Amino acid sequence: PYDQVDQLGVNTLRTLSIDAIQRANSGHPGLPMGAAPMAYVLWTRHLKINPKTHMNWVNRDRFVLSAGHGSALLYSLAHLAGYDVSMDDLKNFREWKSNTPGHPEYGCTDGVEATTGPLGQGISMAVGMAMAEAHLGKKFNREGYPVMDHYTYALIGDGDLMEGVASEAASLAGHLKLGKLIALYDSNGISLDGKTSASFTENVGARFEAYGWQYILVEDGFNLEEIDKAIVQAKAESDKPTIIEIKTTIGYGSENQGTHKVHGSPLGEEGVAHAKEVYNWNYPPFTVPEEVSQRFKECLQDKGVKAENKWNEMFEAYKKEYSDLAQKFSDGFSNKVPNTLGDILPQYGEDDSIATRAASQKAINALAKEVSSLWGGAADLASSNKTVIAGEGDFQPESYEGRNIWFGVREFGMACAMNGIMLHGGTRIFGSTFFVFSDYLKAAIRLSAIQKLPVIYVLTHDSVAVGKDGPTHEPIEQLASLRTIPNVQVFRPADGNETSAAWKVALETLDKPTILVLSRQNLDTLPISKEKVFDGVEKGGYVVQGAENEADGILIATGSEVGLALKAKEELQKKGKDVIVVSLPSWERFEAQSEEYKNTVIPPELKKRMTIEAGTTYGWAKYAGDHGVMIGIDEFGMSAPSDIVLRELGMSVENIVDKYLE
């Protein structure tokens, strides 16, 4: 089944990778040299992709390189596979504006399914991808219409498996019995600092079986047929995700192979030549042997065209027999939402009072009926975040159609899975936990933002108002945390109507993650029209109550502190002080507006400003200005009843009024 042309293919990967790195004078040659055999077997016998259609074929197999530092191998593969990655591209590895960056970047490079620099996330995202395949398979497949049916592959190293987030994801994958997920593990006994025997001596196989994965060992990781048999067995075990440990020699060909020294640095002109001797490789730099492009053409490209063409035909039939179903399938993939979100969403009257977690919960139930692609869940906090999708089932092996995901206490794993689910396509995801524990998943939000995924994060218990649970459960600095991440939108709704609006904007925003920051405690409805709140949230900031005539000043507030600002505006009127009250539910959305529009909300000539938010003042000087005052909380909170914490940490009308008046 494997021959010498195949081995020349392996060493084509090795050489493209090492030369790319050498020419860049930057990169990681160990992994390409160790893992080319596994990647070659996978890409030529086991990856159902069609590079002819880039990444548009929704039912292609998904490959993720979790060990993102093996980027050169990936580009090398991509090239030979027929993706739009050219030999010149390989020659521009790590160069300004190349499509071949130091770590893989989704959206940058034809054929790169995920941005995987940060370790552990790549495999955790694949878990996501596999979850979505399973969920959509069950939703939409019919007898004779396997419309969503494909494998998910992650290539991982020792790094990925030390990271906790990967443990969360494997635990969860194991539990959900993702039989179409296969992890290929470049097990080389080396990590960056040295031998894994200095830090990582656990029994991985056993750990994975304890999760409910199938474990397979490939003793000789350079044996192609053995790697091939292993994958065949992985696929045969469709009741369990499978991990294949493939014992490998890092940097094979280097004098330094089997040491950390080949992890992360170019080999150097003589190391390259040396590895080429070992490979008995006498082609010139950056050269594909004809037989190798021929072998890729036949094993990979021709087979991909024919798999997609078959899928396309079957899909024409599917559309004939199940018109309405096929329509939902396409709407899933294309992000269609009804024009009626505004009327679908609940609306709250001037006299209502609701916690924004609970307004969120009602938005979710209203939306779930009308947006069939939506699903999501909570990191064991659905019943406290209020993120149960009433009546819509539980996502589980026996019911993959269920729409409530039970992520468990796995914040980071959850965020990563969301990212994968979104990268996969076909649905809209949301996930929830406490705002204070956004710290556990921050690095995944980061990847949401970089990869431009409209993941929706629902983060409740947004402030010291939490009260009796105490400082560990009371956010202070987490708005700063999330707001500063580029390409995100963070909404902190001030009431029910703001919460519905933010959900609407979350669904309509498709090129960045939307983070909804919500309250435990009830908030009064802002005393103005639903139409005004919707337009104002769409803009990110707006005036809630203007001054009768000329403004003495302006209070700018978010979330639960908008209600405080309204109360202090009243109290301050009674002292001849007429203030504007602005809600700024999203700084990012606000700052994306026209100068003209921004100046109407926060007049540049008005200097007497006060900012009010239950969290750090860091950042607020931007809006408060030289002459403003910053009402916020620059210390940890306390275990006490809610109203007491708020009072003691200065979220009160008295304190706001007093501060304005000095």
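Residue numbers here begin at 1 and follow the sequence given.
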- Note on the structure: Entry B factor averaged over C-alpha atoms, 617-625 against 596-604: higher for 596-604
- Query: 487-495 versus 262-270: which one carries the higher mean Cα B factor per the record?
  - Reply: 262-270
- Message: Take the CA temperature factors straight from the PDB entry and tell me which of 403, 295, 424, 461 peaks.
- Response: 295
- Tell me, please, which of 571, 105, 110, 308 has the highest C-alpha B factor according to the deposited entry? 571
- Looking at the entry's B-factor column for C-alpha atoms only, identify whether residue 318 ranks in the lowest, middle or highest third of its chain. highest
- Going by the entry, which third of its chain does the Cα temperature factor of residue 520 land in? middle
- Compare the C-alpha B factor of residue 205 with those of the other modelled residues in its chain, then answer lowest, middle or highest third. middle
- Note on the structure: Tertile call for residue 392 (CA temperature factor, within chain, third-based) is the middle
- residue 289: C-alpha B-factor third of its chain, per the entry, is the highest
